[PDB]
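Visitor: What follows is a single structure, and I will ask about it in a moment.
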Amino acid sequence: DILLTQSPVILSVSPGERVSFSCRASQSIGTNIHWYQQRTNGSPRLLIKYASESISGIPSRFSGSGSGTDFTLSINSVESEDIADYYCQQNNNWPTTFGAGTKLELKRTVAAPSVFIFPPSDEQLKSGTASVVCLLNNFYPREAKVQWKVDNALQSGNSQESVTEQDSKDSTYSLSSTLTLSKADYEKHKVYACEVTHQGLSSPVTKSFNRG
Amino acid sequence: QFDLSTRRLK
Amino acid sequence: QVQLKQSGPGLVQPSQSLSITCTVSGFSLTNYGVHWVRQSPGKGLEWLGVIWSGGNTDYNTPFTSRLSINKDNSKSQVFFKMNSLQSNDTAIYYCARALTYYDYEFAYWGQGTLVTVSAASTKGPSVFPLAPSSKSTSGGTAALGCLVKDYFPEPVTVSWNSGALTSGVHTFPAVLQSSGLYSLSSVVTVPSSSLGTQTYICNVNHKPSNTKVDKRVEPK
């Protein structure tokens with residue numbers, strides 16, 4: 001099978017820059033390469049066929065070039081809606097094979113997170129478990145620290161984090177940290193605090209509530 | 001690696 | 001409009017078999033071949049096989065012995081079946097159609113079926129409100145959400161107000177808990193002055209367990 005090698009694995013650029021994806025084939029394939037876009041939670045979208053031929057409905061800023069073994073997909077002016085993974089496909093040799101893909105990340109200005117905290121619902125407490133959720137909304141860049149404290153006891157190992165993919169409209173990230181306690185432990189304590197560190201904040205932000 | 005939850009590379 | 005609509009996601013026990021239906025519209029199966037592609041964490045996008053206009057099938061070499069593709073032209077249905085599944089067969093499976101009847105440049109894709117291979121059992125989620133309050137309000141904006149806890153397997157669909165509310169929605173990727181069950185939250189920001197007039201409902205659909213919950217989220 002043809003091995004397709006896409007490089008690099010991640011591309012980070014600023015809006016309006018030109019950007020180029022590379023696809024190298026393990027032996028000559030002429031111009032028998034197609035390019036695909038995959039957005040968050042999407043199916044692959046066909047961008048270019050046969051190295052450089054355009055596709056109806058695809059913005060003009062997409063173009064491809066190359067022949068033999070070395071191929072290039074180009075975006076002349078990146079928009080935030082271009083945040084996606086990009087894959088190349090060869091079909092000069094059965095079976096058709098795909099590259100492993102390149103991720104296109106976008107830069108933007110530092111944006112501090114908005115921080116919200118949610119106590120557990122009385123509904124969940126009936127079931128015997130308590131989830132406390134801390135939300136970090138629409139921030140950049142992705143790096144942040146979330147630290148939980150219960151009655152000034154530092155929590156460690158009983159929280160999980162999830163981060164959305166990059167927003168295709170405004171290039172921010174959002175993060176949830178969920179602290180999970182038993183109902184008994186939760187009822188045994190009063191002050192629940194989420195403390196947040198991020199480049200866009202000049203001092204840490206603590207959001208907190210007293211149970212009750 | 002490709003992530004089944006988001007369909008994106010992680 | 002060319003479309004390909006695949007059956008829904010679900011769990012398949014190891015060693016058991018996989019079955020997906022792809023229903024097409026906007027073209028006839030007697031004129032185009034229908035291809036099957038999958039996307040795994042292990043191998044990324046792999047081409048699996050194709051059933052051609054006239055019934056012939058090709059299968060990618062590693063799959064010829066456990067893969068079968070059939071179709072019903074009258075019903076516009078293509079059937080994908082794969083035997084003896086193991087855990088690294090956990091993937092999103094897609095049906096696709098090329099630009100021309102004989103080619104392989106896939107301009108039309110199904111939405112993809114996420115198949116999980118695992119010995120576990122199907123569990124529907126519990127849905128708990130993440131209620132707006134002072135502790136989630138800032139400069140006229142209130143955040144609120146739904147906690148979608150303890151289900152298996154992926155995925156779950158979450159929407160807000162039956163699709164009419166999409167702006168400012170963030171549905172976080174599921175995380176796997178030590179229990180082996182997934183959990184996620186979905187949040188949205190709204191004007192805090194709308195909390196007394198507008199109702200906010202997260203529509204939760206966990207198709208592998210046929211669990212549909214509409215959770216009304218209220219200021220506490």
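Naming scheme: A, B, ... for chains in displayed order of the structure tokens; residues 1 onward per chain; ligands 1 onward as shown.
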I need the contact residues of chain B against chain A, so if you could list those with any atom within 6 Å, counting only C-alpha atoms, and return them as an mmCIF file with N, CA and C atoms, in the first residue's frame, that would help.

Guide:
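Listed below is the output, out10.cif:
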```
data_model
loop_
_atom_site.group_PDB
_atom_site.id
_atom_site.type_symbol
_atom_site.label_atom_id
_atom_site.label_comp_id
_atom_site.auth_asym_id
_atom_site.auth_seq_id
_atom_site.Cartn_x
_atom_site.Cartn_y
_atom_site.Cartn_z
ATOM 1 N N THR B 6 -14.771 13.642 19.489
ATOM 2 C CA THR B 6 -14.799 14.917 18.768
ATOM 3 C C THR B 6 -14.532 14.842 17.258
ATOM 4 N N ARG B 7 -14.082 13.673 16.788
ATOM 5 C CA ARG B 7 -13.632 13.477 15.509
ATOM 6 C C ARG B 7 -12.573 14.316 15.124
ATOM 7 N N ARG B 8 -11.717 14.699 16.063
ATOM 8 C CA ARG B 8 -10.581 15.536 15.736
ATOM 9 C C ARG B 8 -9.279 14.862 16.166
#
```

Visitor: Identify all chain C residues at most 7 Å from chain A by counting only C-alpha atoms; ligands do not count. Present them as a short mmCIF file (atom, residue, chain, number, x, y, z; two decimals) with N, CA and C atoms, in the first residue's frame.

Guide:
```cif
data_model
loop_
_atom_site.label_atom_id
_atom_site.label_comp_id
_atom_site.auth_asym_id
_atom_site.auth_seq_id
_atom_site.Cartn_x
_atom_site.Cartn_y
_atom_site.Cartn_z
N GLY C 44 -6.49 5.76 11.81
CA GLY C 44 -7.05 6.88 11.07
C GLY C 44 -8.05 6.41 10.03
N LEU C 45 -8.06 7.08 8.88
CA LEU C 45 -9.00 6.78 7.80
C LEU C 45 -8.53 5.56 7.00
N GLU C 46 -9.34 4.51 6.99
CA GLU C 46 -9.04 3.31 6.22
C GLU C 46 -10.18 3.06 5.25
N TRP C 47 -9.85 2.75 4.01
CA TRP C 47 -10.87 2.36 3.05
C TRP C 47 -11.16 0.88 3.24
N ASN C 60 -11.08 -4.27 0.94
CA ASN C 60 -9.66 -4.06 1.24
C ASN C 60 -9.06 -5.35 1.79
N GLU C 105 -12.97 9.67 -5.39
CA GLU C 105 -12.87 10.96 -4.72
C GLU C 105 -14.21 11.21 -4.05
N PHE C 106 -14.23 11.14 -2.72
CA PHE C 106 -15.47 11.01 -1.97
C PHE C 106 -16.04 12.39 -1.66
N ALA C 107 -16.95 12.84 -2.52
CA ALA C 107 -17.62 14.13 -2.37
C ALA C 107 -18.86 14.05 -1.49
N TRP C 109 -20.53 11.99 1.90
CA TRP C 109 -20.33 11.09 3.02
C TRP C 109 -21.60 10.97 3.84
N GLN C 111 -23.22 10.46 7.71
CA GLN C 111 -22.84 11.18 8.92
C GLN C 111 -21.90 10.38 9.80
N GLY C 112 -21.74 9.08 9.54
CA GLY C 112 -20.85 8.26 10.33
C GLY C 112 -21.55 7.57 11.48
N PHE C 128 -28.73 16.09 34.98
CA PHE C 128 -28.92 16.97 36.11
C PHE C 128 -28.72 18.42 35.70
N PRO C 129 -29.50 19.36 36.25
CA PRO C 129 -29.38 20.75 35.81
C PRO C 129 -28.15 21.39 36.41
N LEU C 130 -27.51 22.24 35.63
CA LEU C 130 -26.48 23.15 36.11
C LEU C 130 -27.15 24.52 36.09
N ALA C 131 -27.61 24.95 37.26
CA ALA C 131 -28.59 26.02 37.34
C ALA C 131 -27.90 27.38 37.33
N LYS C 135 -23.66 32.99 41.16
CA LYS C 135 -22.35 32.37 41.02
C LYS C 135 -22.03 31.99 39.58
N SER C 136 -22.96 32.25 38.65
CA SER C 136 -22.75 31.96 37.24
C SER C 136 -23.20 33.11 36.35
N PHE C 172 -19.18 19.83 26.07
CA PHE C 172 -17.82 19.35 26.29
C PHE C 172 -17.65 17.90 25.86
N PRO C 173 -16.46 17.53 25.40
CA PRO C 173 -16.16 16.12 25.13
C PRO C 173 -16.38 15.28 26.38
N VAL C 175 -15.76 12.55 29.20
CA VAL C 175 -14.62 11.93 29.86
C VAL C 175 -15.05 10.59 30.40
#
```

Visitor: Using backbone DSSP assignments, extract all alpha helix (DSSP H) residues from region 23-186 of chain A; output them as a PyMOL selection string.

Guide: chain A and resi 122-126+183-186

Visitor: Residues of the last selection are to be written out with C-alpha atoms, as a PDB file, in the first residue's frame.

Guide:
```
ATOM      1  CA  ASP A 122     -30.679  18.414  44.855  1.00  0.00           C
ATOM      2  CA  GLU A 123     -31.682  15.941  42.145  1.00  0.00           C
ATOM      3  CA  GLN A 124     -28.189  14.447  41.968  1.00  0.00           C
ATOM      4  CA  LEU A 125     -27.811  14.486  45.766  1.00  0.00           C
ATOM      5  CA  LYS A 126     -30.812  12.134  46.004  1.00  0.00           C
ATOM      6  CA  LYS A 183     -23.139  12.914  49.192  1.00  0.00           C
ATOM      7  CA  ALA A 184     -21.849  12.250  52.702  1.00  0.00           C
ATOM      8  CA  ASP A 185     -18.468  13.919  52.156  1.00  0.00           C
ATOM      9  CA  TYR A 186     -20.201  16.863  50.446  1.00  0.00           C
TER      10      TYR A 186
END
```

Visitor: Would you kindly return, as an mmCIF file with N, CA and C atoms, in the first residue's frame, each protein, DNA or RNA residue with an atom no farther than 12 Å from any atom of residue 217 (chain C), considering only C-alpha atoms and excluding same-chain residues fewer than 3 positions away?

Guide:
```cif
data_model
loop_
_atom_site.group_PDB
_atom_site.id
_atom_site.type_symbol
_atom_site.label_atom_id
_atom_site.label_comp_id
_atom_site.auth_asym_id
_atom_site.auth_seq_id
_atom_site.Cartn_x
_atom_site.Cartn_y
_atom_site.Cartn_z
ATOM 1 N N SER A 121 -26.926 19.563 42.050
ATOM 2 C CA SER A 121 -28.373 19.670 42.129
ATOM 3 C C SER A 121 -28.900 18.811 43.267
ATOM 4 N N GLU A 123 -31.375 17.156 42.891
ATOM 5 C CA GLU A 123 -31.682 15.941 42.145
ATOM 6 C C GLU A 123 -30.539 14.938 42.241
ATOM 7 N N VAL C 127 -29.570 12.989 33.795
ATOM 8 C CA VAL C 127 -29.395 14.381 33.380
ATOM 9 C C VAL C 127 -29.710 15.294 34.561
ATOM 10 N N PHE C 128 -28.730 16.085 34.977
ATOM 11 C CA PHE C 128 -28.916 16.970 36.113
ATOM 12 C C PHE C 128 -28.717 18.425 35.698
ATOM 13 N N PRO C 129 -29.499 19.359 36.246
ATOM 14 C CA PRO C 129 -29.382 20.753 35.811
ATOM 15 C C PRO C 129 -28.152 21.390 36.414
ATOM 16 N N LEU C 130 -27.513 22.241 35.628
ATOM 17 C CA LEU C 130 -26.481 23.152 36.114
ATOM 18 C C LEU C 130 -27.147 24.516 36.092
ATOM 19 N N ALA C 131 -27.609 24.955 37.257
ATOM 20 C CA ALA C 131 -28.586 26.024 37.345
ATOM 21 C C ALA C 131 -27.901 27.377 37.333
ATOM 22 N N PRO C 132 -28.471 28.345 36.628
ATOM 23 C CA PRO C 132 -27.914 29.700 36.664
ATOM 24 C C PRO C 132 -28.157 30.340 38.020
ATOM 25 N N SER C 133 -27.202 31.158 38.453
ATOM 26 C CA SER C 133 -27.350 31.918 39.691
ATOM 27 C C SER C 133 -26.378 33.094 39.670
ATOM 28 N N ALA C 143 -24.644 31.882 32.810
ATOM 29 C CA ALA C 143 -24.335 30.572 32.254
ATOM 30 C C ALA C 143 -25.217 29.521 32.911
ATOM 31 N N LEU C 144 -25.582 28.511 32.135
ATOM 32 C CA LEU C 144 -26.371 27.410 32.666
ATOM 33 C C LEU C 144 -26.058 26.186 31.834
ATOM 34 N N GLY C 145 -26.420 25.022 32.347
ATOM 35 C CA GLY C 145 -26.113 23.830 31.594
ATOM 36 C C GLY C 145 -26.798 22.603 32.139
ATOM 37 N N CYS C 146 -26.419 21.462 31.553
ATOM 38 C CA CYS C 146 -26.899 20.136 31.920
ATOM 39 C C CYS C 146 -25.715 19.209 32.134
ATOM 40 N N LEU C 147 -25.789 18.417 33.198
ATOM 41 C CA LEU C 147 -24.774 17.420 33.496
ATOM 42 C C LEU C 147 -25.291 16.064 33.022
ATOM 43 N N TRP C 160 -30.315 22.301 22.581
ATOM 44 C CA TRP C 160 -30.980 23.214 23.492
ATOM 45 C C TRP C 160 -32.240 23.765 22.845
ATOM 46 N N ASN C 161 -33.335 23.771 23.612
ATOM 47 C CA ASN C 161 -34.634 24.280 23.172
ATOM 48 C C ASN C 161 -35.004 23.719 21.802
ATOM 49 N N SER C 186 -22.923 20.183 29.197
ATOM 50 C CA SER C 186 -23.202 21.079 28.086
ATOM 51 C C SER C 186 -23.705 22.391 28.666
ATOM 52 N N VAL C 187 -23.074 23.499 28.286
ATOM 53 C CA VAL C 187 -23.393 24.799 28.860
ATOM 54 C C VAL C 187 -23.835 25.759 27.762
ATOM 55 N N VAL C 188 -24.479 26.837 28.189
ATOM 56 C CA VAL C 188 -24.837 27.917 27.290
ATOM 57 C C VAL C 188 -24.874 29.187 28.120
ATOM 58 N N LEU C 195 -33.917 34.992 31.944
ATOM 59 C CA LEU C 195 -34.200 33.835 32.788
ATOM 60 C C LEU C 195 -35.605 33.857 33.361
ATOM 61 N N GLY C 196 -36.250 35.018 33.418
ATOM 62 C CA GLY C 196 -37.609 35.060 33.916
ATOM 63 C C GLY C 196 -38.683 34.907 32.870
ATOM 64 N N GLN C 198 -37.834 33.216 29.337
ATOM 65 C CA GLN C 198 -37.534 32.118 28.434
ATOM 66 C C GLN C 198 -37.311 30.846 29.227
ATOM 67 N N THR C 199 -37.784 29.736 28.684
ATOM 68 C CA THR C 199 -37.484 28.440 29.269
ATOM 69 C C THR C 199 -36.253 27.873 28.578
ATOM 70 N N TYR C 200 -35.413 27.196 29.343
ATOM 71 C CA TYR C 200 -34.220 26.574 28.792
ATOM 72 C C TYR C 200 -34.273 25.084 29.048
ATOM 73 N N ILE C 201 -34.218 24.320 27.967
ATOM 74 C CA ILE C 201 -34.320 22.874 28.001
ATOM 75 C C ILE C 201 -33.131 22.301 27.253
ATOM 76 N N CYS C 202 -32.412 21.370 27.881
ATOM 77 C CA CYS C 202 -31.434 20.592 27.138
ATOM 78 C C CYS C 202 -32.090 19.289 26.704
ATOM 79 N N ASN C 203 -32.022 19.008 25.407
ATOM 80 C CA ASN C 203 -32.586 17.798 24.833
ATOM 81 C C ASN C 203 -31.460 16.784 24.744
ATOM 82 N N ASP C 214 -35.618 15.377 28.260
ATOM 83 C CA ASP C 214 -35.629 16.834 28.179
ATOM 84 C C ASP C 214 -35.572 17.389 29.597
ATOM 85 N N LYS C 220 -32.236 28.598 40.606
ATOM 86 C CA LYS C 220 -32.650 27.881 41.809
ATOM 87 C C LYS C 220 -33.228 28.815 42.866
#
```

Visitor: Counting only C-alpha atoms, which residues from chain C have an atom at most 9 Å from any atom of chain B, and could you show them as a list in words?

Guide: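 Residues of chain C within 9 Å of chain B, counting only C-alpha atoms: residues 39, 40, 41, 42, 43, 44, 90, 91, 92, 114, 154, 155, 173 and 174 of chain C.
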
Visitor: Export N, CA and C atoms of the chosen residues as a PDB file, in the first residue's frame?

Guide:
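And here is the file that came out, part_11.pdb:
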```pdb
ATOM      1  N   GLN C  39     -12.799   5.319  10.492  1.00  0.00           N
ATOM      2  CA  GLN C  39     -11.820   6.190  11.133  1.00  0.00           C
ATOM      3  C   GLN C  39     -11.633   5.710  12.565  1.00  0.00           C
ATOM      4  N   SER C  40     -10.456   5.163  12.866  1.00  0.00           N
ATOM      5  CA  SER C  40     -10.123   4.678  14.199  1.00  0.00           C
ATOM      6  C   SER C  40      -9.032   5.528  14.853  1.00  0.00           C
ATOM      7  N   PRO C  41      -8.873   5.436  16.177  1.00  0.00           N
ATOM      8  CA  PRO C  41      -7.668   6.023  16.796  1.00  0.00           C
ATOM      9  C   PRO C  41      -6.384   5.337  16.361  1.00  0.00           C
ATOM     10  N   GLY C  42      -6.408   4.016  16.212  1.00  0.00           N
ATOM     11  CA  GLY C  42      -5.256   3.291  15.716  1.00  0.00           C
ATOM     12  C   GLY C  42      -4.765   3.681  14.333  1.00  0.00           C
ATOM     13  N   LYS C  43      -5.617   3.581  13.316  1.00  0.00           N
ATOM     14  CA  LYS C  43      -5.157   3.688  11.936  1.00  0.00           C
ATOM     15  C   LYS C  43      -5.747   4.868  11.165  1.00  0.00           C
ATOM     16  N   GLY C  44      -6.491   5.762  11.812  1.00  0.00           N
ATOM     17  CA  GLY C  44      -7.047   6.882  11.068  1.00  0.00           C
ATOM     18  C   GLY C  44      -8.050   6.407  10.027  1.00  0.00           C
ATOM     19  N   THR C  90     -13.287  -0.546  17.228  1.00  0.00           N
ATOM     20  CA  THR C  90     -13.994   0.641  17.684  1.00  0.00           C
ATOM     21  C   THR C  90     -13.594   1.817  16.804  1.00  0.00           C
ATOM     22  N   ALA C  91     -14.541   2.333  16.031  1.00  0.00           N
ATOM     23  CA  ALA C  91     -14.245   3.343  15.028  1.00  0.00           C
ATOM     24  C   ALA C  91     -15.546   4.010  14.636  1.00  0.00           C
ATOM     25  N   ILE C  92     -15.417   5.095  13.890  1.00  0.00           N
ATOM     26  CA  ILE C  92     -16.549   5.669  13.185  1.00  0.00           C
ATOM     27  C   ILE C  92     -16.570   5.051  11.798  1.00  0.00           C
ATOM     28  N   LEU C 114     -20.708   5.636  14.973  1.00  0.00           N
ATOM     29  CA  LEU C 114     -19.678   5.351  15.964  1.00  0.00           C
ATOM     30  C   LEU C 114     -20.020   4.012  16.602  1.00  0.00           C
ATOM     31  N   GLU C 154     -20.296   5.941  24.192  1.00  0.00           N
ATOM     32  CA  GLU C 154     -20.464   7.131  23.374  1.00  0.00           C
ATOM     33  C   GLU C 154     -21.258   6.763  22.117  1.00  0.00           C
ATOM     34  N   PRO C 155     -21.962   7.725  21.508  1.00  0.00           N
ATOM     35  CA  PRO C 155     -22.049   9.132  21.882  1.00  0.00           C
ATOM     36  C   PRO C 155     -23.396   9.472  22.477  1.00  0.00           C
ATOM     37  N   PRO C 173     -16.456  17.533  25.398  1.00  0.00           N
ATOM     38  CA  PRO C 173     -16.156  16.123  25.134  1.00  0.00           C
ATOM     39  C   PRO C 173     -16.384  15.281  26.378  1.00  0.00           C
ATOM     40  N   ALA C 174     -16.902  14.070  26.175  1.00  0.00           N
ATOM     41  CA  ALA C 174     -17.118  13.163  27.294  1.00  0.00           C
ATOM     42  C   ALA C 174     -15.789  12.723  27.890  1.00  0.00           C
TER      43      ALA C 174
END
```

Visitor: Can you measure CA of residue 81 (chain A) to CA of residue 168 (chain A) for me? One decimal in Å is fine.

Guide: 4.7 Å

Visitor: Enumerate, as a VMD selection string, the complete set of residues in chain A that a backbone-based DSSP assignment places in strand (DSSP E or B).

Guide: chain A and resid 4 to 7 10 to 13 19 to 25 33 to 38 45 to 49 53 to 54 62 to 67 70 to 75 84 to 90 97 to 98 102 to 106 111 114 to 118 129 to 140 145 to 150 153 to 154 159 to 163 173 to 182 191 to 197 205 to 210

Visitor: Restricted to C-alpha atoms, what would the selected residues look like written as an mmCIF file, in the first residue's frame?

Guide:
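Done, and the output landed in selection14.cif:
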```
data_model
loop_
_atom_site.group_PDB
_atom_site.id
_atom_site.type_symbol
_atom_site.label_atom_id
_atom_site.label_comp_id
_atom_site.auth_asym_id
_atom_site.auth_seq_id
_atom_site.Cartn_x
_atom_site.Cartn_y
_atom_site.Cartn_z
ATOM 1 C CA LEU A 4 1.206 8.902 2.724
ATOM 2 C CA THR A 5 3.164 11.097 5.127
ATOM 3 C CA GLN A 6 1.628 14.433 6.103
ATOM 4 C CA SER A 7 3.825 17.073 7.709
ATOM 5 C CA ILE A 10 0.206 20.491 13.824
ATOM 6 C CA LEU A 11 0.128 23.917 12.164
ATOM 7 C CA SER A 12 -0.511 27.054 14.223
ATOM 8 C CA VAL A 13 -1.100 30.277 12.282
ATOM 9 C CA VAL A 19 -0.756 28.268 5.102
ATOM 10 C CA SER A 20 0.454 25.116 3.328
ATOM 11 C CA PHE A 21 -0.081 21.431 4.111
ATOM 12 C CA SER A 22 2.355 18.838 2.809
ATOM 13 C CA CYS A 23 1.593 15.262 1.711
ATOM 14 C CA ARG A 24 4.487 13.025 0.688
ATOM 15 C CA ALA A 25 3.932 9.656 -1.011
ATOM 16 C CA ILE A 33 -4.311 12.813 -4.726
ATOM 17 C CA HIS A 34 -7.447 14.281 -3.139
ATOM 18 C CA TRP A 35 -7.602 16.543 -0.073
ATOM 19 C CA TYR A 36 -10.224 16.559 2.688
ATOM 20 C CA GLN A 37 -11.296 18.822 5.529
ATOM 21 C CA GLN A 38 -12.726 17.432 8.779
ATOM 22 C CA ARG A 45 -15.371 17.292 3.252
ATOM 23 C CA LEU A 46 -13.746 17.005 -0.189
ATOM 24 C CA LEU A 47 -11.645 20.093 -0.987
ATOM 25 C CA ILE A 48 -9.498 19.352 -4.039
ATOM 26 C CA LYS A 49 -9.405 16.446 -6.485
ATOM 27 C CA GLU A 53 -8.749 20.500 -9.534
ATOM 28 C CA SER A 54 -11.328 22.576 -7.692
ATOM 29 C CA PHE A 62 -8.220 26.517 -1.101
ATOM 30 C CA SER A 63 -5.821 25.257 -3.770
ATOM 31 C CA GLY A 64 -3.508 22.312 -4.300
ATOM 32 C CA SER A 65 -0.357 21.599 -6.257
ATOM 33 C CA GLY A 66 2.293 18.930 -6.714
ATOM 34 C CA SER A 67 3.016 15.790 -8.715
ATOM 35 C CA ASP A 70 5.355 15.702 -3.023
ATOM 36 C CA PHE A 71 2.014 17.525 -2.731
ATOM 37 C CA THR A 72 0.762 20.731 -1.150
ATOM 38 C CA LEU A 73 -2.644 21.994 -0.037
ATOM 39 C CA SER A 74 -2.760 25.765 0.316
ATOM 40 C CA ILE A 75 -4.986 28.301 2.056
ATOM 41 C CA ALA A 84 -10.062 21.572 11.201
ATOM 42 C CA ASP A 85 -7.960 18.545 10.389
ATOM 43 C CA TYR A 86 -6.782 18.051 6.819
ATOM 44 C CA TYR A 87 -6.174 14.691 5.150
ATOM 45 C CA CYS A 88 -4.735 13.667 1.789
ATOM 46 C CA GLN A 89 -5.766 10.565 -0.152
ATOM 47 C CA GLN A 90 -3.950 8.755 -2.966
ATOM 48 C CA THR A 97 -5.032 5.160 1.245
ATOM 49 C CA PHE A 98 -5.129 8.249 3.436
ATOM 50 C CA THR A 102 -2.522 17.693 9.838
ATOM 51 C CA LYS A 103 -4.240 19.780 12.525
ATOM 52 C CA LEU A 104 -4.774 23.499 11.791
ATOM 53 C CA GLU A 105 -4.820 25.625 14.955
ATOM 54 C CA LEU A 106 -5.358 29.377 15.033
ATOM 55 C CA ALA A 111 -8.539 36.320 26.253
ATOM 56 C CA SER A 114 -15.048 33.939 32.416
ATOM 57 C CA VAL A 115 -15.352 31.667 35.458
ATOM 58 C CA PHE A 116 -18.634 30.218 36.703
ATOM 59 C CA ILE A 117 -19.278 27.607 39.412
ATOM 60 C CA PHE A 118 -22.273 25.288 39.772
ATOM 61 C CA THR A 129 -23.264 11.559 44.583
ATOM 62 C CA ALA A 130 -22.255 15.230 44.328
ATOM 63 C CA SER A 131 -20.751 16.879 41.225
ATOM 64 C CA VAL A 132 -19.411 20.433 41.495
ATOM 65 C CA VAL A 133 -18.723 21.982 38.078
ATOM 66 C CA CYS A 134 -16.365 24.867 37.361
ATOM 67 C CA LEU A 135 -16.658 26.439 33.901
ATOM 68 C CA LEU A 136 -13.934 28.486 32.171
ATOM 69 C CA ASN A 137 -15.550 30.178 29.200
ATOM 70 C CA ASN A 138 -14.122 31.534 25.940
ATOM 71 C CA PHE A 139 -10.436 31.946 26.701
ATOM 72 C CA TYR A 140 -7.135 31.782 24.815
ATOM 73 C CA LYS A 145 -4.850 25.699 35.948
ATOM 74 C CA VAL A 146 -7.930 24.757 37.960
ATOM 75 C CA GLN A 147 -7.463 24.052 41.661
ATOM 76 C CA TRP A 148 -10.258 22.845 43.943
ATOM 77 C CA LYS A 149 -10.425 23.560 47.669
ATOM 78 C CA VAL A 150 -12.983 22.231 50.155
ATOM 79 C CA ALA A 153 -8.414 21.351 51.958
ATOM 80 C CA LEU A 154 -6.717 21.126 48.571
ATOM 81 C CA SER A 159 -11.719 16.154 39.474
ATOM 82 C CA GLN A 160 -11.785 15.704 35.733
ATOM 83 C CA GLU A 161 -11.238 18.298 33.002
ATOM 84 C CA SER A 162 -12.717 18.585 29.520
ATOM 85 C CA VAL A 163 -11.740 21.155 26.880
ATOM 86 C CA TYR A 173 -11.442 27.422 24.120
ATOM 87 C CA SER A 174 -13.711 26.516 26.994
ATOM 88 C CA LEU A 175 -12.961 24.169 29.871
ATOM 89 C CA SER A 176 -15.000 22.363 32.491
ATOM 90 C CA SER A 177 -13.537 20.976 35.705
ATOM 91 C CA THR A 178 -15.905 18.650 37.560
ATOM 92 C CA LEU A 179 -15.201 17.759 41.192
ATOM 93 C CA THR A 180 -17.007 14.567 42.257
ATOM 94 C CA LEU A 181 -17.685 13.736 45.913
ATOM 95 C CA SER A 182 -20.016 11.371 47.703
ATOM 96 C CA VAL A 191 -16.958 26.077 51.388
ATOM 97 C CA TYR A 192 -16.408 24.899 47.791
ATOM 98 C CA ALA A 193 -13.862 26.901 45.816
ATOM 99 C CA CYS A 194 -12.580 26.770 42.259
ATOM 100 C CA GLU A 195 -9.375 28.773 41.757
ATOM 101 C CA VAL A 196 -8.335 29.613 38.219
ATOM 102 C CA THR A 197 -5.006 30.662 36.734
ATOM 103 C CA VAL A 205 -9.777 34.077 40.108
ATOM 104 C CA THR A 206 -11.649 32.198 42.812
ATOM 105 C CA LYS A 207 -15.342 31.430 42.460
ATOM 106 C CA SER A 208 -16.945 29.709 45.426
ATOM 107 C CA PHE A 209 -20.117 28.942 47.328
ATOM 108 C CA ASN A 210 -21.205 27.859 50.783
#
```

Visitor: I want to know what sits within 8 Å of residue 190 (chain C), based on only C-alpha atoms, with residues of the same chain fewer than 4 positions away left out; could you give that as a short mmCIF file (atom, residue, chain, number, x, y, z; two decimals) with N, CA and C atoms, in the first residue's frame?

Guide:
```
data_model
loop_
_atom_site.label_atom_id
_atom_site.label_comp_id
_atom_site.auth_asym_id
_atom_site.auth_seq_id
_atom_site.Cartn_x
_atom_site.Cartn_y
_atom_site.Cartn_z
N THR C 141 -24.84 38.50 31.72
CA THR C 141 -24.80 37.18 31.09
C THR C 141 -24.81 36.10 32.16
N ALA C 142 -25.72 35.15 32.02
CA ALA C 142 -25.79 34.01 32.92
C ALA C 142 -25.43 32.73 32.17
N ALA C 143 -24.64 31.88 32.81
CA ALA C 143 -24.34 30.57 32.25
C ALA C 143 -25.22 29.52 32.91
N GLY C 168 -23.61 30.38 21.69
CA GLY C 168 -23.05 30.33 23.03
C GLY C 168 -23.14 28.98 23.69
N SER C 194 -33.28 37.27 30.52
CA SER C 194 -34.20 36.34 29.89
C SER C 194 -34.57 35.16 30.80
#
```

Visitor: Separation of CA of residue 54 (chain C) and CA of residue 113 (chain C), in Å?

Guide: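 If I compute the distance from CA of residue 54 (chain C) to CA of residue 113 (chain C), I get 25.4 Å.
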
Visitor: Grab the CA of residue 18 (chain C) to CA of residue 185 (chain C) distance for me, in Å with one decimal place.

Guide: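 Taking CA of residue 18 (chain C) as the start and CA of residue 185 (chain C) as the end point, the length is 29.7 Å.
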